[PDB]
Amino acid sequence: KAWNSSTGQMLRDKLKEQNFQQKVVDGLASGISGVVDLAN
Amino acid sequence: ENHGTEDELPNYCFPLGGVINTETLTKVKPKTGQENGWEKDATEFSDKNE
Amino acid sequence: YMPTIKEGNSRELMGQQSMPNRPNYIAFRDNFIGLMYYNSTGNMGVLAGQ
């Protein structure tokens, strides 16, 4: 019953809502070539 | 980005009373007398019905 | 809803209704899965020195 039918970003956003990301999540590896960043 | 619109079902609007274009009809009796030809109901049943 | 199986235009066919076809998306697999032969007995990739 979306007051707003965009459909697209909506689903995408829901997908985003169920998962995660940050920086000290360094269990295992960061990913190849590098730079050191924030959100400490 | 335009996936079109989901409108497989049809959606309708209706008059408030539920029905409008209603005729006026009168109840009739089975007419026990043979030929199976009904007759008017003169008993307590209004001849006007919507 | 096709009211009558009779062919051609007709009085009865006037009332036919319609309904959009279901959506069908088609594209390549995620990560292009399957485009390369992997773990197949016959077609196996080779990377050797000359």
# chains A, B, ... in the order shown; residues from 1 in each chain; ligands from 1

$ interface_residues --of "chain B" --to "chain A" --cutoff "12 Å" --atoms "only C-alpha atoms" --output "PyMOL selection string"
chain B and resi 1-6

$ residues_around --residues "residue 17 of chain C" --least-positions-apart "5" --cutoff "12 Å" --atoms "only C-alpha atoms" --output "PyMOL selection string"
(chain B and resi 8-10) or (chain C and resi 1-3+12)

$ write_last_selection --atoms "N, CA and C atoms" --output "compact mmCIF listing (two decimals), in the first residue's frame"
# COMPACT_ATOMS: atom_id res chain seq x y z
N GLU B 8 -3.27 -5.93 -12.25
CA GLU B 8 -3.92 -7.12 -12.80
C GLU B 8 -5.38 -7.18 -12.39
N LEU B 9 -5.66 -6.93 -11.12
CA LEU B 9 -7.04 -6.86 -10.70
C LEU B 9 -7.68 -5.55 -11.16
N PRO B 10 -8.98 -5.55 -11.40
CA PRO B 10 -9.69 -4.30 -11.64
C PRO B 10 -10.25 -3.75 -10.35
N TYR C 1 -11.65 -13.11 -20.46
CA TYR C 1 -12.94 -13.81 -20.49
C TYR C 1 -13.48 -13.74 -21.91
N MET C 2 -13.33 -14.83 -22.65
CA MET C 2 -13.84 -14.91 -24.01
C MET C 2 -15.26 -15.45 -23.96
N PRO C 3 -16.28 -14.60 -24.12
CA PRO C 3 -17.66 -15.07 -23.89
C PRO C 3 -18.07 -16.22 -24.78
N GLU C 12 -22.13 -11.10 -29.05
CA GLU C 12 -21.68 -11.64 -27.77
C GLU C 12 -20.24 -11.24 -27.46

$ select_by_dssp --residues "chain B" --states "strand (DSSP E or B)" --output "list in words"
residues 25, 28, 29, 39, 40 and 49 of chain B

$ interface_residues --of "chain C" --to "chain B" --cutoff "12 Å" --atoms "only C-alpha atoms" --output "PyMOL selection string"
chain C and resi 17-25

$ write_last_selection --atoms "N, CA and C atoms" --output "PDB file, in the first residue's frame"
ATOM      1  N   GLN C  17     -13.255  -9.068 -21.938  1.00  0.00           N
ATOM      2  CA  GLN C  17     -12.374  -8.268 -21.102  1.00  0.00           C
ATOM      3  C   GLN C  17     -10.928  -8.651 -21.389  1.00  0.00           C
ATOM      4  N   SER C  18     -10.001  -7.882 -20.828  1.00  0.00           N
ATOM      5  CA  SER C  18      -8.585  -8.118 -21.059  1.00  0.00           C
ATOM      6  C   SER C  18      -7.836  -8.121 -19.739  1.00  0.00           C
ATOM      7  N   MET C  19      -6.593  -8.586 -19.784  1.00  0.00           N
ATOM      8  CA  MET C  19      -5.758  -8.717 -18.604  1.00  0.00           C
ATOM      9  C   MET C  19      -4.299  -8.730 -19.043  1.00  0.00           C
ATOM     10  N   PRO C  20      -3.455  -7.872 -18.480  1.00  0.00           N
ATOM     11  CA  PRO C  20      -2.062  -7.806 -18.926  1.00  0.00           C
ATOM     12  C   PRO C  20      -1.312  -9.094 -18.648  1.00  0.00           C
ATOM     13  N   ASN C  21      -0.377  -9.406 -19.539  1.00  0.00           N
ATOM     14  CA  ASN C  21       0.468 -10.574 -19.362  1.00  0.00           C
ATOM     15  C   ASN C  21       1.383 -10.389 -18.157  1.00  0.00           C
ATOM     16  N   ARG C  22       1.745 -11.505 -17.542  1.00  0.00           N
ATOM     17  CA  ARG C  22       2.600 -11.449 -16.371  1.00  0.00           C
ATOM     18  C   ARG C  22       3.984 -10.936 -16.755  1.00  0.00           C
ATOM     19  N   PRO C  23       4.686 -10.277 -15.840  1.00  0.00           N
ATOM     20  CA  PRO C  23       6.026  -9.788 -16.157  1.00  0.00           C
ATOM     21  C   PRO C  23       6.998 -10.939 -16.320  1.00  0.00           C
ATOM     22  N   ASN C  24       8.030 -10.711 -17.126  1.00  0.00           N
ATOM     23  CA  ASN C  24       9.065 -11.722 -17.313  1.00  0.00           C
ATOM     24  C   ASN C  24      10.384 -11.014 -17.573  1.00  0.00           C
ATOM     25  N   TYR C  25      11.250 -10.986 -16.571  1.00  0.00           N
ATOM     26  CA  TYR C  25      12.573 -10.394 -16.695  1.00  0.00           C
ATOM     27  C   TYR C  25      13.543 -11.473 -17.144  1.00  0.00           C
TER      28      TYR C  25
END

$ residues_around --residues "segment 19-32 of chain B" --least-positions-apart "6" --cutoff "10 Å" --atoms "only C-alpha atoms" --output "mmCIF file with C-alpha atoms, in the first residue's frame"
data_model
loop_
_atom_site.group_PDB
_atom_site.id
_atom_site.type_symbol
_atom_site.label_atom_id
_atom_site.label_comp_id
_atom_site.auth_asym_id
_atom_site.auth_seq_id
_atom_site.Cartn_x
_atom_site.Cartn_y
_atom_site.Cartn_z
ATOM 1 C CA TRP B 38 -49.822 -16.656 -9.968
ATOM 2 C CA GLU B 39 -52.022 -13.877 -8.616
ATOM 3 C CA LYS B 40 -51.505 -10.663 -6.687
ATOM 4 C CA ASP B 41 -50.883 -10.672 -2.931
ATOM 5 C CA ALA B 42 -53.567 -8.537 -1.305
ATOM 6 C CA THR B 43 -52.354 -9.467 2.188
ATOM 7 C CA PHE B 45 -47.183 -6.974 1.843
ATOM 8 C CA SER B 46 -46.672 -3.629 0.134
ATOM 9 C CA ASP B 47 -47.034 -3.703 -3.641
ATOM 10 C CA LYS B 48 -44.021 -1.372 -3.998
ATOM 11 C CA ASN B 49 -40.620 -3.020 -3.578
ATOM 12 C CA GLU B 50 -37.260 -1.753 -4.813
#
